[PDB]
Amino acid sequence: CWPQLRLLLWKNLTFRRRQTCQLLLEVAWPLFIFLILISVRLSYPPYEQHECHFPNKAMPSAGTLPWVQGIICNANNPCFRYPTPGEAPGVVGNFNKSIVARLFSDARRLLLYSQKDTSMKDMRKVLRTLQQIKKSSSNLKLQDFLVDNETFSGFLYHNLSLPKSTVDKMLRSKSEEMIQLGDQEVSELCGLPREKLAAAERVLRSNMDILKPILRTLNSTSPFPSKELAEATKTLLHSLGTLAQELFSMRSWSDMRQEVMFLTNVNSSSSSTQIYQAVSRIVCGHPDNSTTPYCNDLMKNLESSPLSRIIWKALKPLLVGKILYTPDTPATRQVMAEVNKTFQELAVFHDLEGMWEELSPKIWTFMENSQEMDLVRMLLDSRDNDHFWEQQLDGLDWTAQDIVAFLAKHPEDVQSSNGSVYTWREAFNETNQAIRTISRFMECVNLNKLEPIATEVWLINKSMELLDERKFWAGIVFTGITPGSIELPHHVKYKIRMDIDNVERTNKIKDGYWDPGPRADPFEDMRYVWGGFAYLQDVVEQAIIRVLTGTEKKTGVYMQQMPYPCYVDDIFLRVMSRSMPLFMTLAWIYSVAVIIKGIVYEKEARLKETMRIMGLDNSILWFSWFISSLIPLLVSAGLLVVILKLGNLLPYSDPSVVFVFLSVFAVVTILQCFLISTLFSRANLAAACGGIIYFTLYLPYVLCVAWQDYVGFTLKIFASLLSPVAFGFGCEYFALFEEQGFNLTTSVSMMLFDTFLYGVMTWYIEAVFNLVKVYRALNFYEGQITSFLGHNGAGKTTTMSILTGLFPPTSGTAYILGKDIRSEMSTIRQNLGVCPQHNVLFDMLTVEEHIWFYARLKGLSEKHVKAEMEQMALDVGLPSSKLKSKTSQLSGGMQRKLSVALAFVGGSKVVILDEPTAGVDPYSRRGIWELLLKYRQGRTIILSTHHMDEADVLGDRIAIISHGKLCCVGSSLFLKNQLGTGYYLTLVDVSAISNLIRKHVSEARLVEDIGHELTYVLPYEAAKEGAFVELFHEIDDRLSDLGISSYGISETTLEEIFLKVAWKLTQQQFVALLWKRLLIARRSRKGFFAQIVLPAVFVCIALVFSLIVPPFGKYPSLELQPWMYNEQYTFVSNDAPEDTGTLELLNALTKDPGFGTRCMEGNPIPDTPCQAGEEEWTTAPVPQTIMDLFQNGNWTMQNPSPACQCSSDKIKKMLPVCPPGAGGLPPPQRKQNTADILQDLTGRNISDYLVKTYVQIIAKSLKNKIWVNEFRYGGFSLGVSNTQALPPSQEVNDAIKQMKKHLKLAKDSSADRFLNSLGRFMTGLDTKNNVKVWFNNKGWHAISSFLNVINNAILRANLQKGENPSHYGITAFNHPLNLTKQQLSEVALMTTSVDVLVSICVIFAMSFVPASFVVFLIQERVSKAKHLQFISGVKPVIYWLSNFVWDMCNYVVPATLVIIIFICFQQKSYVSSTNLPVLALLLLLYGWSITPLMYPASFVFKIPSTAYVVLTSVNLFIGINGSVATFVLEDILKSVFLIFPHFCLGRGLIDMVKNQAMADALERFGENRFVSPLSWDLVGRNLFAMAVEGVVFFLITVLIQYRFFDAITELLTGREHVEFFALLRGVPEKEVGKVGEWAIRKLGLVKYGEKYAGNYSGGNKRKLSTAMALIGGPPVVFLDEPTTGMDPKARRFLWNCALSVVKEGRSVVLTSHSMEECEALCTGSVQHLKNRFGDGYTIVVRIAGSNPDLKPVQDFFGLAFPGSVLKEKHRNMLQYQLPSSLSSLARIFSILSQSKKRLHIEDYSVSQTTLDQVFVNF
């Protein structure tokens, strides 16, 4: 029915709104978490990087110069964008224009040409002709020695005192001047000017010396004596011109000098960036211990310079690196010597330095003076040969140094320096300085690194002695056989030992949680390049192959990795896609906690029972709660969608799918709320535990997704028991579809199936947890109230159960319901109102909002609802509070009145009331009575109560039920007439009155007497009128004569007719309290067994997590390093097809061995041989699409790609790269073999194909969603290097040999060794064939395994037909050696998250027993125990001490248990007194300390069972904060060691320091010898003492703060109940077993109220409370509410006990809220108040037959009694007051008798004013 659902929604939203506290937090919490997440996002901006290619790295197998260039130049993996020249499929290489390479090539070619230029022989022959044809013909400035055939004046001239000229007349201080002039002025054609201007001594001698030069022609054209000599001169001219052409074309020495002077250009040279630029230009293209102090400061400067630390640490292991060696057999020694010789090819400088030193004097002597030197002097000075020089030098291309060469410096003298200073002297000094610098730089580099040592232990110790010396590179270990130089194993496996800090960790084969990226960081990620491991592997494999096969080198291995495409990374986005369920379910867990609080609060107030009683079937109210909870949850889902769609958080989101998924999850979580709400009662505790349980439900998703083991039906069956796991699966699928936007439909279907199953389970568990009634005959006539009483058995419960108790047919009675319907309840339920004991407040929904809501639910709007206000106008007049204080909670007192008024809504015609009045009796009860009388005196009413005073005052027909069967029924006087005890007369000596009353009338008798009163019983049935009329007058006369004060009259109250018809004391109290605690510990299984067991399982789970977890410091793994990891395939490209060696390699690859070592029986252990896959050339069919064959061939074969990758800048920011839209190039042919489909990329561009294939495979993985990881790890491409290389090695060696033959061959081992080393170095660069290897650092150890496999293939192809390639093979491992002291200590003090988690779990487990103590203390603290002991004279200090002692006992016992569970483990419990006793005392002190800390919590908290969870959460938070504080360091540690007051945090810190100290001790003892460290050694004692002292302070403060209901012990047996209640106090000593029995003797129930386990309904609880009230004899006993509660017969028995206790005499004090009992028991005297302070006597008279006679009865009542009042009057019955109440009862009684016996009347009774009305008047 829609209106009732609408009203339910209205009330739910009123609950959500009016409190105005929960709703604000509800709205803000999702907002708060979103603000935090946005802060995190803006703290982690996306990082976008372009695709990058990596420059090729050269291994030692390649040229040594490329190797050095690679280690120095591309040591950073720069990420050049475009494909580098080395990435091309053809010839590899990057350092083509490098200056060093140009220098080396120029030097080699010039050396080859110089000895083959046909020059040396040419000048040798020219000199021989000079010394043969012209012989000694020397023309020096003053020495013209000429030996010719006298052709051109072939005569000798000498320079003596006199000028000698043996030609003609000499003619002869006019002689030295011309000598000096000739010494100075001699040139090509200056003779005529010389002799024409030779000072002033001409004329006399000028003729001879000016005519001789004419004949001599200054040797201009003279050199033409013979044709052969002229030809020799011409060929020498040509040869030297060509030599000059070459030495100018090289042009690299000038550049070398340029950078050399640039380094030292100025004194204060700038080395910030110019030095680095110059270095990079020279080597590549534009894009501690003290051995020698010079080297020490050089390397200090090198490492201290900016932007050089990485290169410094890459170079240091190479120039002071050291190699170790295990084997010692002659063959493996030969292999190691081959490695040594391969390395030593670079050791060519020391010999170069020695040769420079040796040859500098020779070169200097040759230059200073030589016949050829003079020949070249005179050759470059002429008129004709100079033109030949000019045309030759500028012949090929050009020469700009012609003039400089012509006029170069000569040893004769210095010409000039004003213009420029650049001469051969400068070149000589510069080269000498450079050679010296080279010597000084190189001598710091150790040459030899050769040391063979047999035993591995010695290898490890020497490695230690080297690492601690800062001098070590690596070591190699083989597995050989007995000493033998031949028959070396054909399948050799080896391991490499080297520092962990310079190698990739061998523990993991992958990166774990894969993330997109190139991962090419050399500082810490790519450790195989700068650590030298790859170089070690290359050299060892090269030596092995060379020794085995014996062939030459002819092989160059290079390294490259795939260019990872352009991408934008958001690790934050990955974290969101992984764990946004956590945040959204945090919002929803707070929401469900709020909803759980609301629903459990509604249930606890018993409002569900009220709703069930009146209409409101379970299904419809459940649906109303359903919708009310959905509304806010759907709003939260909608705002979550809005926020995620916008703000650049989760774009590419389809609103429909996300919204429907969120809605279904909202429905499911609301259902989970309904499930977890089905077994809870306490509101706040229920909300907290619902939050905790939902959080626990969420946890296992992480482990399920991480392990993902045996995926299949297991996932669905497990999700059928858990919603958040299914939601997380759906979220991961949505994140998957985001990138390219098990089955979602199947997940939703099983989610709905789970929803329905959970709903039906909830229903099952919820199910499992004139009225006439014909039964042995109740009749409730229309009109007037109808009471209902009963004591034995149900009596009342059965009636409510049958009428509305979910027991429609019956409850075990006759099958007759009543109301002549018996079938349909809805109509009467609309017409029926029920007011049970529990009230209806509905939180702060005003006070009258309940009225309108109930009226609308039952009645209708408009007219009907209007009635409420007018009836409200009669209900209570409180308009000021109505308009001001609407809430009912602050309106205290009328809550019962409000409930009964709400019962009078709609049809208030068959209303039923159960104990309508309960509280402050007088005013509230009178108001309820007036309300009932003035509202519903129209039709049937049912009323049930136990006070039995409401029944008498109310005008109603009482009904008495004893055992279901009716006992009596009718009006008060009606039933009293036939079943009423005598007529009570009270007065306030005794024998005188006794004989005055008894003798006058025999029927009178005594019943009971107590001080200051006397009661008598006069039966009225037998004879009343005569006795009274003759008795009271004389009673009053005697009272006047005697000392009696007054008297009064009472009738048979309803209860009796009901019953008949139906210092050592301190130790004593301490031991008593300890006995209580021991007894409660023994019993109360649910409160202590769990507390003792679940800490044990928590410690056990901590133990298993700490044990099963693999060690975190175990780096070495002995990985066998196979080229497979799980399953994959690679590619082999036959680039540069020339059929020169490459075919051999490829056919060796394509054999039974395949790639590596899969021979014999499959030597690799894990992968097994698994020989499968037909060796076949084949490919899968290509798709048709758009005829890609020629579509992709449209002028696009080598350089361009079939498609492009769109920039992922802003339109799409996906982690992968833009998909081209096609499958790249057509799939090349594949090779099926060795269980992996190899690929071939012959004649392919490679780089683009690699990127596109990577994109395709990652897309396929995203489709299948196998936790996407990189598949292809690399490959290799064969081919041939550049053919531009200079002639082969043999040519260079032969040229060096002929050079040795020339230039005074020296057999000493100084020049021959140098030239041999230089030849070997030059020949090393030769590479007949070369290969390139593709790798990727993402797959760890791929580099090493690929080197292994490629070198194995090279070995296989190099076999000389000896046998099958299968037997030949190689293997390579890596194994970091045992760590040293420093890093072992450092890792022993690591974060050790295992230690943190175990400490947190153990402290969390142990922080519970104090919680048990606190909950026990608080539950006994609520006005039950504390004040009880106060009344007992406890001096609470001793009680606190006893509780303290018991708490520590009941902690140490769990302490012993938990230490036993640790004893189950071994390491944590060491045998001696260093680890076990410290831990035991640690736990004992933690118990001693934590429990006093939380004692104050037992004061502020007002409700038990929630302090448990509250303190648990606080302890968890404190432990977590301590753990993170421990993790703050990873900057003052002292501040950490200052927060002692947090004992839990301190104890956790002590646990972790103990663990780390034990680890340090064990590792130190294992590694070497050390002193035993004690746990307390200068650390433990101080902190334990300070912790104990702080506990003392906390105990003191809590005690001083302490200084500045019924007490029933729960889960306690009747025996022990009474036992302690006897031992409570009273100094029983040995009477302990008596006084308690004495107590029972007053209260009886030796067995019925005793031996009973637990506690029973309030009756026995109050019985025991009153029994324990009178522990002994006190002067007074105060009783507040002596019997309030369920009182079938407890009233009479308790009253008898109280009046007996008064009989012994205790002056009991009563201040109960039940007036009738208090003033019927207590005596100032009640009789005096009700006689003198009361109103007139109440008269009730009964009339039969016809009512008319009511007219005269009142008439004379107003005549004889002018002062009279009437309060009640209906057909045939009426009531009178007569306020006068004078002349004693005698006169009025007699006159009424003599009148009404005459008129018609038959029955009457006169009573004293209602015993409570006297106070009501006040």
# chains A, B, ... in the order shown; residues from 1 in each chain; ligands from 1
call {"tool": "select_by_dssp", "arguments": {"residues": "range 434-617 of chain A", "states": "helix (DSSP H, G or I)", "output": "PyMOL selection string"}}
result
chain A and resi 434-443+456-467+500-502+527-530+533-549+571-604+607-613
call {"tool": "residues_around", "arguments": {"residues": "range 1308-1325 of chain A", "least_positions_apart": "5", "cutoff": "8 Å", "atoms": "only C-alpha atoms", "output": "number ranges by chain"}}
result
A: 62-65, 345-348, 351-352, 354-355, 553, 1288-1289, 1292-1293, 1296, 1300
call {"tool": "write_last_selection", "arguments": {"atoms": "N, CA, C and O atoms", "output": "short mmCIF file (atom, residue, chain, number, x, y, z; two decimals), in the first residue's frame"}}
result
data_model
loop_
_atom_site.label_atom_id
_atom_site.label_comp_id
_atom_site.auth_asym_id
_atom_site.auth_seq_id
_atom_site.Cartn_x
_atom_site.Cartn_y
_atom_site.Cartn_z
N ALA A 62 83.88 -6.80 -30.02
CA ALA A 62 84.05 -5.80 -31.05
C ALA A 62 85.41 -5.12 -30.89
O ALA A 62 86.24 -5.52 -30.06
N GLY A 63 85.65 -4.08 -31.68
CA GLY A 63 86.90 -3.36 -31.58
C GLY A 63 87.08 -2.75 -30.20
O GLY A 63 86.12 -2.31 -29.56
N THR A 64 88.34 -2.72 -29.74
CA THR A 64 88.63 -2.14 -28.43
C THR A 64 88.32 -0.64 -28.42
O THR A 64 87.84 -0.12 -27.41
N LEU A 65 88.62 0.06 -29.51
CA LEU A 65 88.28 1.48 -29.57
C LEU A 65 86.78 1.71 -29.48
O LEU A 65 86.35 2.57 -28.70
N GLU A 345 95.77 -6.29 -25.17
CA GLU A 345 95.91 -5.58 -26.44
C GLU A 345 95.81 -4.08 -26.25
O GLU A 345 96.42 -3.31 -27.00
N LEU A 346 95.05 -3.63 -25.24
CA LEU A 346 94.98 -2.21 -24.92
C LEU A 346 96.25 -1.72 -24.24
O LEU A 346 96.49 -0.51 -24.22
N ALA A 347 97.06 -2.62 -23.69
CA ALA A 347 98.29 -2.25 -22.98
C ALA A 347 99.41 -2.03 -24.00
O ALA A 347 100.33 -2.84 -24.16
N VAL A 348 99.31 -0.91 -24.71
CA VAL A 348 100.28 -0.52 -25.73
C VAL A 348 100.92 0.83 -25.44
O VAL A 348 101.70 1.32 -26.26
N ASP A 351 104.84 0.65 -23.51
CA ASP A 351 105.80 0.43 -24.59
C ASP A 351 105.92 1.66 -25.48
O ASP A 351 107.02 2.00 -25.92
N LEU A 352 104.80 2.34 -25.75
CA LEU A 352 104.86 3.57 -26.53
C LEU A 352 105.67 4.63 -25.81
O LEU A 352 106.45 5.36 -26.44
N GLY A 354 108.12 4.12 -23.61
CA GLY A 354 109.51 3.72 -23.70
C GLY A 354 110.10 4.00 -25.06
O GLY A 354 111.24 4.45 -25.18
N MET A 355 109.34 3.72 -26.12
CA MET A 355 109.83 3.96 -27.47
C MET A 355 109.98 5.45 -27.75
O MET A 355 110.91 5.86 -28.44
N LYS A 553 89.59 -14.42 -34.42
CA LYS A 553 88.54 -13.65 -33.76
C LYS A 553 87.35 -13.45 -34.70
O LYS A 553 86.26 -13.96 -34.45
N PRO A 1288 93.48 -6.36 -44.78
CA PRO A 1288 93.30 -7.26 -43.63
C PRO A 1288 94.43 -7.21 -42.61
O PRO A 1288 95.39 -6.45 -42.75
N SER A 1289 94.29 -8.03 -41.56
CA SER A 1289 95.28 -8.05 -40.49
C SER A 1289 96.66 -8.44 -41.00
O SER A 1289 97.67 -7.87 -40.58
N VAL A 1292 98.63 -5.49 -42.41
CA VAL A 1292 99.16 -4.59 -41.39
C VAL A 1292 100.36 -5.22 -40.70
O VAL A 1292 101.37 -4.56 -40.45
N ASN A 1293 100.26 -6.51 -40.36
CA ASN A 1293 101.38 -7.18 -39.71
C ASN A 1293 102.61 -7.21 -40.61
O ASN A 1293 103.73 -6.96 -40.15
N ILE A 1296 104.17 -3.76 -40.70
CA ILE A 1296 104.94 -3.54 -39.47
C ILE A 1296 106.26 -4.29 -39.54
O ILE A 1296 107.30 -3.80 -39.08
N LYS A 1300 110.00 -2.81 -39.34
CA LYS A 1300 111.05 -3.31 -38.46
C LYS A 1300 112.34 -3.54 -39.24
O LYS A 1300 113.43 -3.19 -38.76
#
call {"tool": "closest_residue", "arguments": {"among": "A:252, A:1124, A:1262, A:1193", "to": "residue 740 in chain A", "atoms": "only C-alpha atoms"}}
result
A:1262
call {"tool": "residues_around", "arguments": {"residues": "range 1326-1335 of chain A", "least_positions_apart": "3", "cutoff": "8 Å", "atoms": "only C-alpha atoms", "output": "MDAnalysis selection string"}}
result
chainID A and resid 62:63 92 553:562 1141:1142 1273:1281 1285 1288:1289 1322:1323 1342:1343 1346:1347
call {"tool": "write_last_selection", "arguments": {"atoms": "N, CA, C and O atoms", "output": "compact mmCIF listing (two decimals), in the first residue's frame"}}
result
# COMPACT_ATOMS: atom_id res chain seq x y z
N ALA A 62 83.88 -6.80 -30.02
CA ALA A 62 84.05 -5.80 -31.05
C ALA A 62 85.41 -5.12 -30.89
O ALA A 62 86.24 -5.52 -30.06
N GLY A 63 85.65 -4.08 -31.68
CA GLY A 63 86.90 -3.36 -31.58
C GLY A 63 87.08 -2.75 -30.20
O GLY A 63 86.12 -2.31 -29.56
N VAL A 92 76.33 -1.92 -38.59
CA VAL A 92 76.15 -1.28 -37.29
C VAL A 92 77.28 -0.28 -37.07
O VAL A 92 78.31 -0.34 -37.75
N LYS A 553 89.59 -14.42 -34.42
CA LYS A 553 88.54 -13.65 -33.76
C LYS A 553 87.35 -13.45 -34.70
O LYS A 553 86.26 -13.96 -34.45
N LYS A 554 87.57 -12.71 -35.79
CA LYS A 554 86.60 -12.56 -36.88
C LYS A 554 85.16 -12.48 -36.38
O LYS A 554 84.26 -13.08 -36.97
N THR A 555 84.93 -11.75 -35.29
CA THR A 555 83.59 -11.67 -34.72
C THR A 555 83.50 -10.44 -33.83
O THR A 555 84.36 -10.23 -32.97
N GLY A 556 82.46 -9.63 -34.03
CA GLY A 556 82.20 -8.48 -33.20
C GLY A 556 80.77 -8.46 -32.68
O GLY A 556 79.82 -8.41 -33.47
N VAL A 557 80.61 -8.51 -31.36
CA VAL A 557 79.30 -8.57 -30.73
C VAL A 557 78.96 -7.19 -30.18
O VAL A 557 79.78 -6.55 -29.52
N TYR A 558 77.74 -6.74 -30.46
CA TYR A 558 77.25 -5.44 -30.02
C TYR A 558 75.94 -5.63 -29.26
O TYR A 558 75.34 -6.71 -29.28
N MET A 559 75.50 -4.56 -28.59
CA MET A 559 74.30 -4.61 -27.76
C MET A 559 73.39 -3.43 -28.08
O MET A 559 73.84 -2.28 -28.14
N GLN A 560 72.11 -3.74 -28.28
CA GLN A 560 71.08 -2.73 -28.48
C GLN A 560 69.79 -3.25 -27.86
O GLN A 560 69.64 -4.45 -27.63
N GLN A 561 68.87 -2.34 -27.56
CA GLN A 561 67.58 -2.72 -27.01
C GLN A 561 66.47 -1.99 -27.74
O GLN A 561 66.68 -0.95 -28.37
N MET A 562 65.27 -2.56 -27.66
CA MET A 562 64.15 -2.06 -28.45
C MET A 562 63.83 -0.62 -28.06
O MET A 562 63.89 -0.27 -26.88
N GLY A 1141 79.91 -16.44 -44.21
CA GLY A 1141 79.95 -16.79 -42.80
C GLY A 1141 78.59 -16.74 -42.12
O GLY A 1141 78.32 -17.53 -41.22
N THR A 1142 77.73 -15.82 -42.56
CA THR A 1142 76.41 -15.69 -41.94
C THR A 1142 75.58 -16.95 -42.15
O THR A 1142 74.85 -17.38 -41.25
N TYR A 1273 61.79 -10.85 -25.35
CA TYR A 1273 62.91 -10.33 -24.57
C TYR A 1273 64.07 -9.85 -25.43
O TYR A 1273 64.87 -9.04 -24.95
N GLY A 1274 64.18 -10.31 -26.66
CA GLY A 1274 65.22 -9.83 -27.54
C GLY A 1274 65.52 -10.84 -28.63
O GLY A 1274 64.83 -11.85 -28.79
N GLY A 1275 66.58 -10.54 -29.37
CA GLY A 1275 67.01 -11.40 -30.46
C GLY A 1275 68.40 -11.04 -30.90
O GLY A 1275 69.20 -10.51 -30.13
N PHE A 1276 68.69 -11.33 -32.17
CA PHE A 1276 70.01 -11.03 -32.71
C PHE A 1276 69.94 -10.98 -34.23
O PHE A 1276 69.15 -11.68 -34.85
N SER A 1277 70.79 -10.13 -34.80
CA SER A 1277 70.88 -9.93 -36.24
C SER A 1277 72.32 -10.15 -36.69
O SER A 1277 73.25 -9.60 -36.09
N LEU A 1278 72.49 -10.95 -37.74
CA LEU A 1278 73.80 -11.24 -38.29
C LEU A 1278 74.11 -10.24 -39.41
O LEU A 1278 73.39 -9.26 -39.61
N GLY A 1279 75.18 -10.49 -40.15
CA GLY A 1279 75.57 -9.65 -41.27
C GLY A 1279 77.07 -9.47 -41.29
O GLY A 1279 77.81 -10.21 -40.66
N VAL A 1280 77.51 -8.46 -42.05
CA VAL A 1280 78.92 -8.13 -42.19
C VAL A 1280 79.10 -6.65 -41.91
O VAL A 1280 78.21 -5.83 -42.18
N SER A 1281 80.27 -6.30 -41.38
CA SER A 1281 80.59 -4.92 -41.06
C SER A 1281 80.90 -4.16 -42.36
O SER A 1281 80.81 -4.71 -43.46
N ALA A 1285 86.71 -0.91 -44.47
CA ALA A 1285 87.86 -1.16 -43.62
C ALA A 1285 89.13 -1.31 -44.45
O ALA A 1285 89.09 -1.69 -45.63
N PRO A 1288 93.48 -6.36 -44.78
CA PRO A 1288 93.30 -7.26 -43.63
C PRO A 1288 94.43 -7.21 -42.61
O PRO A 1288 95.39 -6.45 -42.75
N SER A 1289 94.29 -8.03 -41.56
CA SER A 1289 95.28 -8.05 -40.49
C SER A 1289 96.66 -8.44 -41.00
O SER A 1289 97.67 -7.87 -40.58
N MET A 1322 96.10 -3.21 -33.54
CA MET A 1322 95.49 -2.83 -34.81
C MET A 1322 94.67 -3.98 -35.39
O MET A 1322 93.55 -3.78 -35.88
N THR A 1323 95.20 -5.20 -35.33
CA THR A 1323 94.49 -6.36 -35.86
C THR A 1323 93.27 -6.72 -35.02
O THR A 1323 92.34 -7.35 -35.54
N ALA A 1342 68.24 -10.73 -19.23
CA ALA A 1342 68.12 -11.06 -20.64
C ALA A 1342 69.45 -10.86 -21.36
O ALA A 1342 69.80 -11.63 -22.26
N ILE A 1343 70.19 -9.81 -20.98
CA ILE A 1343 71.47 -9.52 -21.63
C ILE A 1343 72.40 -10.72 -21.52
O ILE A 1343 72.98 -11.19 -22.50
N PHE A 1346 71.21 -13.89 -23.41
CA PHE A 1346 71.35 -13.71 -24.85
C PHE A 1346 72.82 -13.77 -25.27
O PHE A 1346 73.13 -14.33 -26.33
N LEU A 1347 73.72 -13.21 -24.47
CA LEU A 1347 75.15 -13.40 -24.74
C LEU A 1347 75.50 -14.88 -24.71
O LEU A 1347 76.21 -15.38 -25.59
call {"tool": "residues_around", "arguments": {"residues": "residue 397 in chain A", "least_positions_apart": "6", "cutoff": "12 Å", "atoms": "only C-alpha atoms", "output": "list in words"}}
result
residues 245, 246, 248, 249 and 391 of chain A
call {"tool": "residues_around", "arguments": {"residues": "residue 239 in chain A", "least_positions_apart": "2", "cutoff": "9 Å", "atoms": "only C-alpha atoms", "output": "PyMOL selection string"}}
result
chain A and resi 117-119+122+234-237+241-244
call {"tool": "residues_around", "arguments": {"residues": "range 920-926 of chain A", "least_positions_apart": "5", "cutoff": "9 Å", "atoms": "only C-alpha atoms", "output": "tab-separated table (two decimals) with C-alpha atoms, in the first residue's frame"}}
result
chain	number	residue	atom	x	y	z
A	893	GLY	CA	7.29	12.32	32.86
A	894	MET	CA	4.51	12.05	30.27
A	896	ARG	CA	3.82	6.84	29.34
A	897	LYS	CA	1.03	9.39	28.86
A	931	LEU	CA	-7.23	10.53	30.65
A	950	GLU	CA	-5.24	1.00	39.74
A	1712	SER	CA	9.86	4.09	46.62
A	1713	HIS	CA	7.96	5.45	43.63
A	1714	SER	CA	5.18	2.96	44.48
A	1715	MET	CA	3.24	4.84	47.14
A	1812	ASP	CA	-2.43	7.68	48.07
A	1813	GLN	CA	-4.89	10.54	47.49
A	1815	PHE	CA	-0.23	13.08	48.83
A	1816	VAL	CA	-2.01	13.67	45.50
call {"tool": "residues_around", "arguments": {"residues": "range 1593-1605 of chain A", "least_positions_apart": "2", "cutoff": "10 Å", "atoms": "only C-alpha atoms", "output": "list in words"}}
result
residues 1422, 1423, 1424, 1436, 1437, 1440, 1444, 1489, 1490, 1491, 1492, 1493, 1494, 1495, 1496, 1499, 1541, 1587, 1588, 1589, 1590, 1591, 1607, 1608, 1662, 1665, 1680 and 1681 of chain A
call {"tool": "write_last_selection", "arguments": {"atoms": "C-alpha atoms", "output": "PDB file, in the first residue's frame"}}
result
ATOM      1  CA  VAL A1422      27.430   0.868  36.757  1.00  0.00           C
ATOM      2  CA  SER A1423      25.936   1.523  40.209  1.00  0.00           C
ATOM      3  CA  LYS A1424      26.298  -2.192  41.028  1.00  0.00           C
ATOM      4  CA  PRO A1436      38.343   1.620  47.768  1.00  0.00           C
ATOM      5  CA  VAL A1437      42.159   1.701  47.714  1.00  0.00           C
ATOM      6  CA  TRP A1440      41.759  -1.231  43.542  1.00  0.00           C
ATOM      7  CA  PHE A1444      45.267  -4.827  40.153  1.00  0.00           C
ATOM      8  CA  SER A1489      51.892  -1.273  32.184  1.00  0.00           C
ATOM      9  CA  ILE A1490      48.971  -1.210  29.734  1.00  0.00           C
ATOM     10  CA  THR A1491      46.248  -2.243  32.188  1.00  0.00           C
ATOM     11  CA  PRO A1492      46.613   0.761  34.564  1.00  0.00           C
ATOM     12  CA  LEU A1493      46.723   3.121  31.567  1.00  0.00           C
ATOM     13  CA  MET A1494      43.140   2.372  30.496  1.00  0.00           C
ATOM     14  CA  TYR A1495      41.638   2.298  34.004  1.00  0.00           C
ATOM     15  CA  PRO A1496      40.269   5.868  33.588  1.00  0.00           C
ATOM     16  CA  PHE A1499      34.840   5.984  34.319  1.00  0.00           C
ATOM     17  CA  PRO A1541      54.250   7.179  28.110  1.00  0.00           C
ATOM     18  CA  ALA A1587      58.637   2.112  31.803  1.00  0.00           C
ATOM     19  CA  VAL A1588      57.945   0.687  35.267  1.00  0.00           C
ATOM     20  CA  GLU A1589      58.329   4.120  36.862  1.00  0.00           C
ATOM     21  CA  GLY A1590      55.844   5.588  34.377  1.00  0.00           C
ATOM     22  CA  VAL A1591      53.360   2.842  35.228  1.00  0.00           C
ATOM     23  CA  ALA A1607      24.106  -5.525  42.077  1.00  0.00           C
ATOM     24  CA  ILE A1608      23.953  -8.924  40.364  1.00  0.00           C
ATOM     25  CA  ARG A1662      15.301  -8.020  43.453  1.00  0.00           C
ATOM     26  CA  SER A1665      19.300  -7.552  46.041  1.00  0.00           C
ATOM     27  CA  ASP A1680      14.419   2.392  47.068  1.00  0.00           C
ATOM     28  CA  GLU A1681      11.782   0.700  44.897  1.00  0.00           C
TER      29      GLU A1681
END
